[PDB]
């Protein structure tokens, strides 16, 4: 299982798991990119590092991470990956989605958590490229496959 999950900001400050936004503000922190996510699996410390920035969550099954990986210097372009807890395998999640019969390019933008029937499901918010409409995309980390897409606002 995934333990001791820590996100390290470019300025070195460490975000503990489930540290809240209000706790960060109360410490006097400004927004800052996260350049490393680190965690324990069995007897190993594992990490992913991106100097361009990344957004990482532990999937509630505690055996996958969802990693939104910045692809350039802007913080916008990004690719979503599901990484196994032992960090040995990963899957790139599709960001060209069939929406109303049309193949739609877009960009994964941030994570949210909704009630789910399985802890293996996480949610990533998807910005459709052609009109920036937001879609909630639920993904089963145990298979690496999209479960459902719903228009959001």
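Numbering follows the first chain given and starts at 1.
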Worksheet entry | 46 to 54 set against 23 to 31, stretch whose average Cα temperature factor tops the other in the entry | 23 to 31
Worksheet entry | Between the two ranges 136 to 144 and 11 to 19, the one averaging a larger CA B factor in the entry | 11 to 19
Item to complete: Among the candidates 89, 109, 63, 70, give the one with the maximum CA B-factor reported in the record.
Response: 89
Item to complete: Please work out which residue in 94, 37, 125, 59 has the highest C-alpha B-factor recorded for this crystal structure.
Response: 94
Discussion item. Ranking every modelled residue in this chain by its Cα temperature factor as given in the entry, which third contains residue 118?
Written reply: middle
